[PDB]
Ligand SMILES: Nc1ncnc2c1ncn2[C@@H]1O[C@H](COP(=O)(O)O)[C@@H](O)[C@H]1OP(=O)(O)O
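Starting off, we have a lone chain in the form solved without this ligand, written out as structure tokens.
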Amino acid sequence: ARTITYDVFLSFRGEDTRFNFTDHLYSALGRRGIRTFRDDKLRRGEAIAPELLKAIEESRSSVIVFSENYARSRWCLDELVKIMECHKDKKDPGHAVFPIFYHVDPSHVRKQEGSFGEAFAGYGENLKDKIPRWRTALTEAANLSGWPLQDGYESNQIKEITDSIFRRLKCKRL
């Protein structure tokens, strides 16, 4: 049986949500007793850090905070590919994936339109072989049941999300 360290791996675009929404979500998860990995380290280099690949491998699930500029970061997209790989392949337990669409249209993520399309236009031929796997991972994640968020009080929205994740993860833990 595989090593498990976290209940949730938190995938987010720092420039959009690091200091606000995802921080409030992170601290709400912990108040529920959900062991959550939220990267706070300085990182350098093109490749995704090995520590991040390992955290994902050792998490029962990922929460993806999709936001306007998520697909503008090659690190977020490589991360997402690793998450959806585990989602498909990881057994006993699985790797559940919970997408939040934070002021973004799920359809833009699914089809790589709007700001997600613009991101893909911004990449060059340097990264052309990464682009197919990036698209597949965005489409698969966007086809999962999750939470589109736009209007309303954020504190109660986070409470409901974390109550839902808590219950879904406790039932699987059996």
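Residue positions are given as counts along the sequence shown, with the first one as 1.
As for the form solved in complex with this ligand, it is not shown, yet the points below apply to it.
Within 4.5 Å of some heavy atom of this ligand in the deposited bound form lies at least one heavy atom of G45. Contact annotation: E15 falls within 4.5 Å of this ligand in the deposited bound form, judged by heavy atom distances. Partner contacts here mean any heavy atom within 4.5 Å of this ligand in the deposited bound form, and among 36-44, 23-31, 122-130, 56-64 they occur only in 36-44. Annotation for 71-92: the only interface residue with this ligand in the deposited bound form is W75 [heavy atom within 4.5 Å].
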